[PDB]
C-alpha cells in the first residue's frame, strides 16, 4: 500500500492512499488477478459514522472488519495505516495477550479508537506515537493546517521515527509504502521511488485531487493488489474511494 500526505503552495493538505492487499490466497491464472484482491473489491464500502445524526468520521473499510484502515475526521485530521513487517513482531504480541498481558491495543482498533474519539491532529499524533500495540505498523497522519503531516514508523512498544512535513526545507509531501524510509525495499516493486518521481514531476503548485490520483494510477504504485484508491481533503471535508483494476500489462505488487 501507498500513503501520501501532500501540501500545495497554499498550504492545503491532500491525503491519498492506495489499498494493496490480497496475495494470501494466491493468483487467478484465468484472468491474472489475486484471489483475495478481487474478493475484497465487492466488500469495500464507505462508512459514515454518526453520533446524534451528525457525522463523527468517515472511513473506507471491508464489510465485517470493524477496525479502520482509511478514514478522516472532517475538518480535523486524516489517517491511513500501512503494514510494517518484522522478524517476529506480530506473534510475540499475540502471545503475551493470550498469556494475560492485555495492556496493548490491536492495530485496527487503535486507528478506530483515534478516528472515533480523537479531536485533534496532535491528540491522534500523540496517541498513535505512544500507545503500545501488538504488532509494528506505519501511521500516516494529516492535519487541518499546513505542515501537519507525518509518517510514524512504529515498533510494538516504541516510535522509531516520526517523519514530518517541512515546506520551508522543501518537504512538501511525505510518502510511505511498506519498508522503513532509512532502509531499502524488498523487491523491484519499489512503489516509493516512482511515487516520489511523480510527486516531483507534478510539483507542489499542481498537487490536487487530480494530480494525486495521477500519482496513485501510475504503475507500480497501481498494481494488481490495489483494491481501492482514496482521496481525502480535511478542510474541504471531501472523502471519496474508487475501486481499481490493473489490466494486463501490469505488475503483481
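Residue numbers count along the first chain shown, from 1.
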Between 73-81 and 87-95, name whichever shows the higher mean Cα B factor according to the PDB entry. 87-95
Between 99-107 and 128-136, name whichever shows the higher mean Cα B factor according to the PDB entry. 99-107
Residue with highest C-alpha B-factor in the PDB entry, from 223, 44, 39, 55: 55
Out of 113, 153, 178, 119, highest CA B-factor residue: 119
In terms of the chain's CA B-factor thirds, is residue 18 lowest, middle or highest? lowest
Report the third (lowest, middle or highest) to which the CA temperature factor of residue 197 belongs, ranking only the modelled residues of the same chain. highest
Chain thirds of CA B-factor: placement of residue 31: lowest
When the deposited Cα B-factors of this chain's modelled residues are ordered and cut into thirds, is residue 207 in the lowest, the middle or the highest one? highest
Within-chain third of residue 230 by Cα B-factor, per the entry: lowest
